[PDB]
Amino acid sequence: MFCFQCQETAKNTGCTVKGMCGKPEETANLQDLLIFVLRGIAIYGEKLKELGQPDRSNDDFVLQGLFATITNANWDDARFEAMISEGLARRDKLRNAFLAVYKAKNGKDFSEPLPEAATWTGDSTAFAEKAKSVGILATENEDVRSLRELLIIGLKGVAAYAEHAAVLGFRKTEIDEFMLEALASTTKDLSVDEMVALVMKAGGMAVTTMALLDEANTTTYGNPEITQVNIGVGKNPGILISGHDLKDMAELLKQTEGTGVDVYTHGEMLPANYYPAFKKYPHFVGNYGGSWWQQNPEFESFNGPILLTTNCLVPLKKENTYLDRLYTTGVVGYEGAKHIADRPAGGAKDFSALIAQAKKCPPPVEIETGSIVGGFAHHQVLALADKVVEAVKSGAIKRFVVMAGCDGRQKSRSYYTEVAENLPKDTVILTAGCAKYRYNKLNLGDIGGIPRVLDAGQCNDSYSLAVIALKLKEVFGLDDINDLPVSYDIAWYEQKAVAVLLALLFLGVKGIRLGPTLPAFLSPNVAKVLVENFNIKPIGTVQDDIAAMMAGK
C-alpha cells in the first residue's frame, strides 16, 4: 500500500505495509480505488459543465466518498466496495449523457483518448487487484505527485466541512463544481504554475466552505457563547457522541429527552456544549475524556453506547470490549459496529437502539472532575471587542498565540503543552480543533476576566479565529494582517487541518509554525516554494519558539 496523508505517516515518508493509524493494505487500496472512480466521475462532470449542461446529481456522493477516505473515518471494506460499485454506475450515467451532448454539439462521436479512471470497470471481484495500480505511486514525478496529493488532501478536508453544511441544508454550487475541477485536474498533465494555482484555489474554497459551515451551524443552533462545561459524570447511564456533526447531536438530544439516559460529548463534539440550542437540555451533562487518540480506554470506561458521527474512530485493541455498543453514522464505518442509516430528506436519524441499550448499561466511570470553559467563537469575541481591545492597549494582553489545529498521539506533541505552560502570563491562547486537548485542562487563569485559553470550537471554527483577526486588523488600522500582535503555532493531524492551513495561506497569513512535523506529501521543491512564498516554519525548541513568537517572528 501507499498512504502519506496524515501527520503520523510512517517515518514521515509514507505507510507502505499497514498504516500507523491501523489501516490495513486492503482498506488503503480500496480507498485509492474509490478516489480513482471519483476522478472518472469528475472527468465527465467537468465536461458536461463546459458543454453548458452541468449535472449536479452526484454532489453528495462525491463529498461523502472523499470524506470516507479521511484518516480514521471509515474502516469497513464492504462500505468502500459499495461506494466503488455505485460510483462506477454514477460515472457511466455521466459518460452516456456526455457522449450524446458531445455528438449533438460537434456533429461527430467523441473520440479523444481518456484517462483510465473514466473507462475502467469491473465487478467487486476485480477491485482488490485493480486497486494496487491506481494509487499514489502511479504518479512518477515527485513534484507532480506532491502537488496532486496536496490538492486532494486539502480537497477532502473541504469536502468534510461541505458535507456538514449540506446536512444542515447549506450548499454553494462553486464548492461542488470545484470538487470535480480539482479531481479531474489530477488526471491531466499541467504546468507547475497551474498545479499551484489549483492548490491556492482550494485554499479560497476552504475559506468559502468554512464560512458556509460557520453560517450553517450558527444559523441552526445559535452563536456559541461562554460556557462552563462539566468534565465529571452524572449518575445515569449515558450515550457518548463523538466526531463533529451537530445535526446528529440535535437529534440525539431530542430523542433522549425524558428517557433517563444522559448525553455526553467527546473529542470534537465538545463545542456542542457552547451552542444555545443544546444548552437547554438538563440531561446534557458535559464532556467526557480527552483527545481522540485516548479513546480506547475512555470509550471503555464510559460504559454506555458511543456514537461516532465522523472521524476520528480508532481501531479497537484486542482487549477492548465495547464493540457491541459502538455505533457509526454518516460516512463512518467499522466492521462489526452497528451503523445508523442516513436520515430521510426532512426527517431524522433513528437513535432508538442506542437509547434502549444505554438503559442496560452502568453509568460512566468518573475519570476526572472540574470544568472546561469555552464558546469564544466570532460573535462572542466580537461582543467583547471593547474589552479585548482595551486589554491590548493597556498591555494586559501583549500577544495572542493561535494554537488551533488537530492533535495526535506522538510524544513530540508535548511541545504544545510546554509552549502553553511557558508562555508569558500576559499572552492569550486562541484555539479550535482537538489540538486544544494539549492545554485546555491547565490552570492558566485569566487576564482581567478574559481567559488565557479562548476556545472557539471545532477545527472548522478556526474560521472564527480568522474573522477575529480580520476585525482586529480593521480596528487597529493595519495594512497587513500579519502586523497584529498574533503568532501562529498550529498543530496538524489529518486533512481538515490541511484545509484550514490552505485557508490561512489564502488569507495571507505568513510565518505560520506547523507541527509537530511537516507533511510527507510536500516534496523538496514544493516545500521550498511554500517557504519562499509563505514563510511556513517547522517547530523548534519550546524556549526558542516562545522567544521568537514574542518578538513577532
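In this text, residue numbers run from 1 along the sequence as written.
> 17 to 25 versus 525 to 533: which one carries the higher mean Cα B factor per the record?
Higher of the two, by average CA B-factor, is 525 to 533.
> On mean C-alpha B-factor from the PDB entry, just flag whether 284 to 292 or 340 to 348 is the higher one.
The stretch with the larger mean CA B-factor is 340 to 348.
> Which one of 272, 308, 389, 184 shows the biggest C-alpha B-factor in the PDB entry?
By C-alpha B-factor in the record, 389 ranks first.
> Which one of 147, 326, 372, 313 shows the top CA temperature factor in the record?
In this record, 372 carries the highest C-alpha B-factor of the candidates.
> Residue 459's Cα B-factor: lowest, middle or highest third of the chain?
Tercile = lowest for this residue's CA B-factor.
> Is residue 135 in the lowest, middle or highest third of its chain when residues are ranked by C-alpha B-factor?
Its C-alpha B-factor, which the entry lists for residue 135, ranks in the middle third among residues of this chain.
> What third of its chain, lowest, middle or highest, does the C-alpha temperature factor of residue 53 fall into?
According to the entry, residue 53 has a C-alpha B-factor in the chain's highest third.
> Would you mind ranking residue 71 by its C-alpha B-factor against the rest of the chain and naming the third, lowest, middle or highest?
Within its chain, residue 71 is a lowest-third residue by C-alpha B-factor, going by the deposited values.
> Comparing residue 209 with the other modelled residues of its chain, is its CA B-factor in the lowest, middle or highest third?
Within its chain, residue 209 is a lowest-third residue by C-alpha B-factor, going by the deposited values.
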